[PDB]
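All remarks here apply to the structure that follows.
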Amino acid sequence: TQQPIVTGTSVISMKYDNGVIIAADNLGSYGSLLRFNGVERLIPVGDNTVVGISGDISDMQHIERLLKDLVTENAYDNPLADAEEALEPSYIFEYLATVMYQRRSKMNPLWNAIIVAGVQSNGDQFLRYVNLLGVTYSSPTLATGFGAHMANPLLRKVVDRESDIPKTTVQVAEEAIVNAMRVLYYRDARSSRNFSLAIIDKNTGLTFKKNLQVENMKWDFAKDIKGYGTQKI
Amino acid sequence: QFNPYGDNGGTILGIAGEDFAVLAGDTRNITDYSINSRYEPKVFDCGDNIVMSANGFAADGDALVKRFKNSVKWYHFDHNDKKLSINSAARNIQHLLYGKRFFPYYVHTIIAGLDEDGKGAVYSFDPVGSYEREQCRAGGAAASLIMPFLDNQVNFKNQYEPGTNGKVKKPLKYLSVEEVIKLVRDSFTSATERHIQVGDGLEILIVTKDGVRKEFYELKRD
Amino acid sequence: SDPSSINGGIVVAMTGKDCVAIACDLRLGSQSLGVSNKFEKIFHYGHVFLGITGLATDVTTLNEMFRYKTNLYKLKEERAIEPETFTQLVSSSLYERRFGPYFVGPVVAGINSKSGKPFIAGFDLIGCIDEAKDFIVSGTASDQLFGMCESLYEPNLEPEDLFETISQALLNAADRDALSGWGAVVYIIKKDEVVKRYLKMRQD
Amino acid sequence: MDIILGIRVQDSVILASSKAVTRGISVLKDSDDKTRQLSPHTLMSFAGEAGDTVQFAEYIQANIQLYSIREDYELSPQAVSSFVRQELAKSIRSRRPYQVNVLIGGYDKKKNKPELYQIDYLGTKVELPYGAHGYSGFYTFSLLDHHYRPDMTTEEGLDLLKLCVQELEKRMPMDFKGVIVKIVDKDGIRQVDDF
Amino acid sequence: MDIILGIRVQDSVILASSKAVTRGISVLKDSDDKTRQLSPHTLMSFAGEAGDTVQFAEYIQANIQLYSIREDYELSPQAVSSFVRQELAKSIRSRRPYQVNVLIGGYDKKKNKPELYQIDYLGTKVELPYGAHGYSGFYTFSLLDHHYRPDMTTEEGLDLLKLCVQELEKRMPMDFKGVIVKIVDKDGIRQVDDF
Amino acid sequence: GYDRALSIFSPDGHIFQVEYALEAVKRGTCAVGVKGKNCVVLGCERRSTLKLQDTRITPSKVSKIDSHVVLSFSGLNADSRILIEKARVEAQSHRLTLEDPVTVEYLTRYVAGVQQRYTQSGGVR
Amino acid sequence: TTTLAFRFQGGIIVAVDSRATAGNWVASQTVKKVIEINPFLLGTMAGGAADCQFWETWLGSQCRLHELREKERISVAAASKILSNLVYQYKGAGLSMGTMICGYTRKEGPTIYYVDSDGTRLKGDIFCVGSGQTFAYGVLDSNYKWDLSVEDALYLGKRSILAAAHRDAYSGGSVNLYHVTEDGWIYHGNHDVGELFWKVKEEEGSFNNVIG
Amino acid sequence: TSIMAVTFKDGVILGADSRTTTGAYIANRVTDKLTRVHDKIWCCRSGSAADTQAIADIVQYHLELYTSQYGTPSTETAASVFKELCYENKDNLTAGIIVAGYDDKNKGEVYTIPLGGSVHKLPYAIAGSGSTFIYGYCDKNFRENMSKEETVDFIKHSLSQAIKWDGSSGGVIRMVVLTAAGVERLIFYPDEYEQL
Amino acid sequence: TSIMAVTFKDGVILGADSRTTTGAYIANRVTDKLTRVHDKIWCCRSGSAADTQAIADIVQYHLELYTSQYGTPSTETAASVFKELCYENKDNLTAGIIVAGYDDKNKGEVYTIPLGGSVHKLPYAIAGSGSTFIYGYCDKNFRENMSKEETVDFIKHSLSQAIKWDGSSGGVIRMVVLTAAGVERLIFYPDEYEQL
Amino acid sequence: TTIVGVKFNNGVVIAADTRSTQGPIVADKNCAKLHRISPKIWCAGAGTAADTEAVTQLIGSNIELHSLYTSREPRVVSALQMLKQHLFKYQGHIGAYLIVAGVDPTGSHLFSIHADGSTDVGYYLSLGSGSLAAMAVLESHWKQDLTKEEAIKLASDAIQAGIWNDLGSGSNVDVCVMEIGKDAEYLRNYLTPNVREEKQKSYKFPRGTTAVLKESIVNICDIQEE
Ligand SMILES: [Mg+2]
Ligand SMILES: [Mg+2]
Ligand SMILES: [Mg+2]
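This is the structure we're talking about:
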């Protein structure tokens, strides 16, 4: 049992016709103090998987090292390490899900919520969630922390059920993700303007976008707001 | 302080017929007031014509089902591919559950199948492993909404034959698979209306001598 | 410890074609101990019926209170109180004890004498009105009652059909609750006749 | 205090109440009468927290005696019981509530019927053929459910009461030092001095 | 369990122990023998937490019986009591301590003297002319202090014991359902079947 | 509250309101009390100007204060009810605290004390 | 819960109710509170459902191993002590049991041992365990004799559960009867309390407080 | 909150962010924390929104009634009315208020009223959760008798840093200028102050 | 504590106050919080003195043994050894350490290790109770590739403000300069830095 | 509960869902959460349902008396001031969370009130358990100078987000439009996207199914003549 110290906020993601998108801001909070402004919370594994992590940053760095070691280990005595016997998103998730549930069962959890996004060998989209309790679930859209409350409602308007996935293009999906990140910046007190976004497509592969910013913000209407009720000036 | 347990909601229902058995459950997964997934399968085919569902805390539920599926596998290795009977599976699950008596799987488990005479069978477990064979059993969030309805419409409780006025009970006539599914659907439709954690979808697994079949039905998504 | 489930009991009300029905069990207990099988929970002031679940002392107190108030109402108004008006009186009376409430779950049922329209309503312990078209439930087996009513109910039932529906709703709900049962009563209410029926049920 | 029983038969009400008074470690008295006569044909037994029991019982007694003098008329058992209930129902939401349970046995001279009312400290009233408070019902109700008839004589009621007390003396851990038994009928209230 | 008494007279030791066993609400048994014979001339009564009492008593019994067979010799009451004390003194700092109080009455065949040892669950041993555990001493010691003589006969010891039990039955709130009395002397151990 | 001193002294040392209260007693129907060796009897006059009266329900002139003490009066009928009520309450209060019924002298002393209090209290006659 | 077991001339009667509750919610009316340890031994179920089920079927395995090794039926004293010694090892861990181990052997005769999760092991003639135990004791104590017939003893056990089922909110559903003889136990059926109550009321004249 | 008031040559300027919080959720991103209790006596609010709104409304009522009887009140008088409420109800309030005003006789004045209810007259004042991160910056960069443009830059830069580090602060930077010339409102958006 | 490490053109400089606290009592006013784990790898200590001393002693032992087998360790390596202890014993430690070192290949590097046990490589770092008050100042005044004299002034001014506002910080300002030229110790007394 | 308020060109609109809950159970499937303070001042309530109506009717009653006393149509700032001062006095114990909207001779207004009496002003607001789902939609689609038709669309879309995504909210959408120089139009059940499907089976019983002990006529009439 511990308490999280340096923490990372929402991770958001969704499926589209040819793959999956995932995003997370670059902030490491220390309580209310916005302490670390250059933290990467999306960690790619190979060219077909991206693991997005929220929660305790020290535990995130541990998980990051486990995944790095996992790639090394898979390559040992494996001539097909970069082909048929490469790491799949489903392999990487199940491994993490095992660790998370084992750690909660020893009453010493990795204080995180994790979303594994990727594309399988046969082209199928993979998107699944796991947290400090070892709870897992899948859905066309997935989000952690605040994202669950604010991002999912917006992303579900694009892909509401399974049959909406083939009808959703990568342009429409990325647009929806970027808009969700803006909304989170408006409303989450532990979020930042800077974020990273990753696309995993069955045709064009893994595109990793760093140093993105929330733009096209509406603030002008603030000038007309005066007082809290009766004040006119 | 760290709390190792959570509640993923959900509701499940097992009914045993004359020569069949059904195990149903909604596909909604939740925490507090949020929806995690509108379709997260909760009832599983475990092989040997046995279906299983462990409702409650999904991490413990998934762990248990995974371990039982494993137990079926090793039963085949160790005992010359012998079919695991539903009664044997039930006793095995008790030992899996009681193994963690002092740090329990926070789930209410139900399995369904056919017994060794070909008749329908359902077994029900508590979190620590006590189990009963039963004819009709709902579990989870909306269990209290469903069971009274089943008592009335399956077992014909409090129903007497017109004209006699309480003297003659309504006879317990056997229900077909089509008739049972109607009652399952109406149970979940009613539960969906009045319980916030129930909705999205209904998945039913039917078990006969021919094997395991699936049926899916939409539920209200609010 | 929890005041609303010391004594136990349930009430249910339904609407039909030109009629309403209200029903309750007869149990009073001290937690596990069954004390009385003749504790009726449905009262009436003129043609307006009131069922009350929850802590029994408050059930008795509120009945005496509304009898008091509806009697003074009748003397001054020179007419019997109507269900819609009475509902507002219950709501007012409960909310005046906002921070020291009666631990009850009242249910109003009746037919408006002028319009002939069937009416039912429910309240939480603090006064909030739930005025449903179909049915109202209350008590320690409210969950069970919601399950029965939601499946068994259909609109525009004739008085004698409505009797069977509400009776089966109560009985099967009560049998799945430890603190309810020990007998039951059903009121069938029409514009100018009311029939009261005691039901035969298991006594455990 | 501990055990108080009541049974209504054909033509009378019988109340039985324990004699022991315990101050934690020791039994200070073994002859205590846990009852008060409210009117010539109405008796009230009681049990609850120390001090509050007698204080309440005597307060009720004074009020009923006051009513009797003012109107030159004895209130019905039903009327007395309702008054008692209201006082307890008032008490439960007070600063410091009366922690007192009571049984009211009376003979209604108008209707020529015996009546037994059970009221707990919350103000929960029920009319019964037989009643009790505390754990007393847990031991005795299975016997009363079996043997009780509405047309029992007073002597049959006392015999059924003896069977109840015997079961209490066998299975209860506490020694309540026997019971004082009183009968309420058309002729008034009297004590059974050998029990 | 509840009351256990002991008294050492001229030529014997007398142990008295209650017969009741209570599971919270009900008295499950009224004939329970709260004692074990450790050797032909040594008896041990006991009282404490449920389960632990018998488990401990039987464990001691087995160990003393084992010693008797190995050496073909009966240990002295003093030797047995010291062994029992050490086991309880060991127990008190364990993970889960035995919650058991005992009295050890024995007749030393070497010294031709009766001996009574009182040992509580902490491992506190004292040799006494008369002893008790729990609240039993609070009621009985004032009588024993007055009437006790070292040269009393066994019959006089039983009469003084009856006076003690009568006082317990009068002033204790709990009904302990009487006592089983056993005598330990040069001829061994016997039970007084009428008390 | 109304505090006016209605009962006051006059130059000749009389309290007229108390004396005019006696004139009201003079107007009232006659009452008489006689004690024997082992009994007391209370006689009372009923003016026969009022017939068509219902004697079953009409307030009787003699009133029980307790089971052992009675009170009759002459003067204002409405005023007497207030003294009788106070006396009846005090009788039960005495039984409750002293565990013994009032003596006739004690009950008299109480009622007389109430009457006196109303001769030097503000706002009352 | 209400479970009882008593010794008599013809052996042992065991009678139990069938209700299981989670708070006020009635989970099951068809629970089996008599564990069939083997063809000769019975155990009752009160307190923890799993604890009683798990450890009494385990007990049956130990009793089977005993008679294989010793070529002789295990005594009720030995069988009860295997269970009591086991739960005593777990004392403090939070086991919940209140059971009657019932059997009939040559050397002992009809024997009943009350076994408790806090280690208690008592031999006795009449035992009654559960939330409705006090109600069942009343009927038992006032009607019990050693020289009861098998028919009358079976009824007494049935009637005592009914007394509890009526008053105790957490007892009911149905009554399960058993008669334990030297040659093994004999099952005497499941009896719905709803139907049994009215039947007994009419035939016996009892429960005049209840309208029927 | 991040709030501050700064006296300068021509008078005084009040500054504030616009974020209101219930946990990590931003309940209002465009809040107006600069509040008017009199024509040229304003205040900055931090702590419980309910408490500071209730207090500010009462003070406005007191100063309106003061004005009707005794003419325009001093800034010191306004601060005293604030103090009286905050001190006498310290057990039931969570309010940290900065009072700023402009007289012609006294010119620009600033009074800070922390939790306890004490009063402190200062050349400039900072308060709110975000103020902790700019004690160093403000102490090094404050000068007396600054110009209007310098003071606006000082407040803009200061609150910019407070917003950058404090999660509880954010949104637009509101300002209110109090001089002989009158009352001027200013607003500065994220795209402006973040790049500073 | 107020501690900081700053990289500059020629290497890196560590800075610290000298106050150690047990409550409001200053248990040591001349403490040395700048500690050596290797020739040109030092650290700044904040939090429990016992914990940070125990950790620093273990790290020094590890790096001494590393040196005997594999030659001079990197600053990254030193930070990892610190992290391994802080992360794996997070439940039982209260330590906030800044690691600073000078390689010839990598030049000046700074790693900050907060409570959780996470590692963060930064151009400069601040920590300790007094750091909260200078986040604004340091962010506005830090530049990359400063000179030695500029960096000393930056640290001196920064810790001066931290000391001014934080009661837990105080005493002398110690500094340790790490460059190719060697290891230089500096000290600055109250009369010097208070008047800044 | 999900409730929203949206300003537009010539007025203001408020909306709400129609689900009220007792823990995880739905007490009423078609609850009315839009309350009338005065003819052209309406508010939506979340939190303790009894408190939101009680506090609305009390202030509404006093607002009516005030309107009669002053011979003027009521103002929203009057309702706001009276609500906040009432709620502050009770220190949050009256669990009323309100969105207050209306039109008056001053113009159109939109405020929110919290249980502790804290108020705020805005062009778009949301309250309740589904406020985050609703606010996400409002932050995505709100603009300045919305028309009446656009505002109703945005408001109901925000409530829908609450209905579908928040378990505390469900069933129908209620709307109330308050435009300047016009009567306020209350649109009860403006959307009905949650009608229950026909059941598979009828559960109407045969007459005489229920066992009966006694029957009797209940005398509801008064004491009769003759
Ligand atoms: Mg639903
Ligand atoms: Mg029952
Ligand atoms: Mg911020």
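Residue numbers (my numbering), protein chains in the order written: chain A, 1 to 233; chain B, 234 to 455; chain C, 456 to 659; chain D, 660 to 854; chain E, 855 to 1049; chain F, 1050 to 1174; chain G, 1175 to 1386; chain H, 1387 to 1582; chain I, 1583 to 1778; chain J, 1779 to 2004.
C-beta atoms are modelled at their ideal positions from N, C-alpha and C, and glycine is treated no differently.
From D:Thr799, D:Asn722, D:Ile751 and D:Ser750, pick the residue whose C-alpha is nearest to that of D:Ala738; which is it? On the fourth sequence, position 79 is the one that residue 738 of chain D refers to. When only C-alpha atoms are compared, the closest one is D:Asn722.
Any alpha helix (DSSP H) of 4 or more consecutive residues that is wholly inside the stretch 728 to 790 of chain D: 736 to 750
Just the C-alpha distance for residue 234 of chain A and B:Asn282, rounded to the nearest angstrom, thanks. Nothing about residue 234 of chain A can be read from this structure; chain A reaches only from 1 to 233.
From the beta carbon of G:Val1205, is the nearest beta carbon of chain B less than 8 Å away? Position 31 of the seventh sequence, counting from 1, holds the residue named residue 1205 of chain G. Chain B, which has a Cβ nearer than 8 Å to the Cβ of G:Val1205, makes this yes.
Classification of I:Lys1746 by the beta-carbon crowding that lies within 10 angstroms, buried from 16 upward: The residue given as residue 1746 of chain I occupies position 164 in the ninth sequence. Its Cβ being crowded by 16 or more others within 10 Å, I:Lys1746 is buried.
Mind checking which residues open and close the alpha helix (DSSP H) that includes C:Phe504? The sequence position of residue 504 of chain C within the third sequence is 49, counting from 1. Judged by DSSP secondary structure, C:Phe504 falls outside any alpha helix (DSSP H) and instead within the beta strand (DSSP E) spanning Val503 to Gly509.
Using a Cβ distance threshold of 8 Å, determine whether the stretch 962 to 980 of chain E contacts the stretch 938 to 954 of chain E, with at least three qualifying pairs required. Segments in contact, yes.
Pick from J:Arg1966, J:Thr1897 and J:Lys1862 that is closest to J:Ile1872, judged by C-alpha positions: Here residue 1872 of chain J is taken as the residue at index 94 of the tenth sequence, counted from 1. When only C-alpha atoms are compared, the closest one is J:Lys1862.
Could you give the first and the last residue of the continuous beta strand (DSSP E) run that contains G:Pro1284? In the seventh sequence, residue 1284 of chain G corresponds to position 110, counting from 1. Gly1283 to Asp1290 is the span of the beta strand (DSSP E), which, as asked, contains G:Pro1284.
Determine, using beta-carbon pairs with one atom in the stretch 464 to 484 of chain C and one in the stretch 557 to 571 of chain C, whether at least three such pairs fall under 8 Å. Flag = yes, the stretch 464 to 484 of chain C and the stretch 557 to 571 of chain C touch.
Other residues of its chain near G:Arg1295: CB distance less than 8 Å, five sequence neighbours each side excluded: Position 121 of the seventh sequence, counted from the start, is the residue given in the question as residue 1295 of chain G. These residues qualify, in order along the chain: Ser1254, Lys1255, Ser1258, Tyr1287, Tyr1288 and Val1289.
Verify the CB distance criterion: does D:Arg755 have a CB-CB separation below 8 Å to chain C? For the purposes of this step, residue 755 of chain D is identified with residue 96 of the fourth sequence, where counting begins at 1. No, D:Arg755 lies away from the interface with chain C (no Cβ there is under 8 Å from its Cβ).
Length of the line joining the Cα atoms of H:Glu1470 and H:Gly1503: Walking along the eighth sequence from the start, residue 1470 of chain H turns up at place 84. Walking along the eighth sequence from the start, residue 1503 of chain H turns up at place 117. Taking the straight line from one Cα to the other gives about 8 Å.
Rounded to whole angstroms, what is the Cα-Cα separation between residue 1774 of chain J and J:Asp1795? The displayed coordinates of chain J run from 1779 to 2004. Any statement about residue 1774 of chain J would go beyond what the structure contains.
Let me know the secondary structure DSSP gives F:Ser1121 once reduced to three states. Indexing the sixth sequence from 1 puts residue 1121 of chain F at position 72. In this structure, F:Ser1121 counts as coil in the three-state DSSP scheme.
To the nearest whole angstrom, what separates the beta carbons of H:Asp1403 and H:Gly1556, a pair I think is in contact under 8 Å? One-based indexing of the eighth sequence puts residue 1403 of chain H at position 17. One-based indexing of the eighth sequence puts residue 1556 of chain H at position 170. That pair is a contact at about 6 Å.
Tell me which residues share the same chain as G:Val1367 and place their Cβ nearer than 7 Å to its Cβ, disregarding the 5 neighbours each side in the sequence. Residue mapping note: residue 1367 of chain G aligns to position 193 of the seventh sequence, counting from 1. Excluding positions up to five away in sequence, the list reads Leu1336, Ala1339, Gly1346, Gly1347, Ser1348 and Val1349.
Kindly list, in the order they appear in chain D, the residues whose Cβ is closer than 7 Å to that of E:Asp1048. Along the fifth sequence, one-based indexing puts residue 1048 of chain E at 194. Chain D residues near E:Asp1048: none, gap ~21 Å exceeds 7 Å.
Between which two residues does the beta strand (DSSP E) holding E:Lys883 run? Looking up residue 883 of chain E in the fifth sequence gives position 29. Boundaries of the beta strand (DSSP E) around E:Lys883: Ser880 to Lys883.
Quick one: residues in its chain with C-beta nearer than 7 Å to the C-beta of I:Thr1761, no 5 flanking neighbours on either side, listed in chain order? The count along the ninth sequence starts at 1 and reaches residue 1761 of chain I at position 179. Closer than 7 Å at Cβ, skipping near neighbours: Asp1592, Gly1593 and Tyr1684.
Would you call the CB atoms of H:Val1496 and H:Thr1393 closer than 8 Å? Locating residue 1496 of chain H in the eighth sequence gives position 110, counting from the first residue. Locating residue 1393 of chain H in the eighth sequence gives position 7, counting from the first residue. The answer is yes: Cβ separation under 8 Å.
I think H:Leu1400 touches H:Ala1486, with their Cβ atoms under 8 Å apart; what is that distance to the nearest whole Å? Translated into the one-based positions of the eighth sequence, residue 1400 of chain H becomes position 14. Translated into the one-based positions of the eighth sequence, residue 1486 of chain H becomes position 100. H:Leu1400 to H:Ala1486, Cβ: 5 Å. Contact.
Minimum C-alpha distance to F:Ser1056 - residue among F:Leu1091, F:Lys1084 and F:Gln1066: Stepping through the sixth sequence from its first residue, residue 1056 of chain F is reached at position 7. The residue with the shortest Cα to Cα distance from F:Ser1056 is F:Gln1066.
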